[PDB]
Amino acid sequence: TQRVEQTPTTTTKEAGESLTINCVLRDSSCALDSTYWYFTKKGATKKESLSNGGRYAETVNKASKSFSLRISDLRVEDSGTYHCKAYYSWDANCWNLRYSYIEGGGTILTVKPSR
């Protein structure tokens, strides 16, 4: 019964502040391979791929089966839903997941306007 636990589920932040989003693979004998982050503006199912760089710092902790996104200098435009996606390491134990991914429940972020 594998799940990615994503925290925080919902958050309100002031502009110029920072947010860390954490995703952890729980209740699994599988390991993390590739990791990806997506943004959905309110409504849009169109996914904007957040690359490591600029205001986005993407880190992975393979031993803890966790990965995180840190956003700096938050804007009102950053408002919306953040999604994490991971693929599974190839191994005999998780062989039928070797082409599959798993996503977190998502983070809904509201950035309150400042000045």
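Numbers follow the displayed sequence, beginning with 1.
For the segment pair 39 to 47 and 76 to 84, the entry gives 39 to 47 the higher mean B-factor, averaged over Cα atoms. By the numbers in the PDB entry, the CA B factor is greatest at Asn52 among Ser68, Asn52, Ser64, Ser89. Ranked within its chain, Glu14 lands in the highest third, by CA B factor from the PDB record. Per the deposited record, the Cα B-factor of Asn96 falls in the middle third when ranked against the other modelled residues of its chain. Sort the chain's modelled residues by C-alpha temperature factor and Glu58 lands in the middle third, per the entry.
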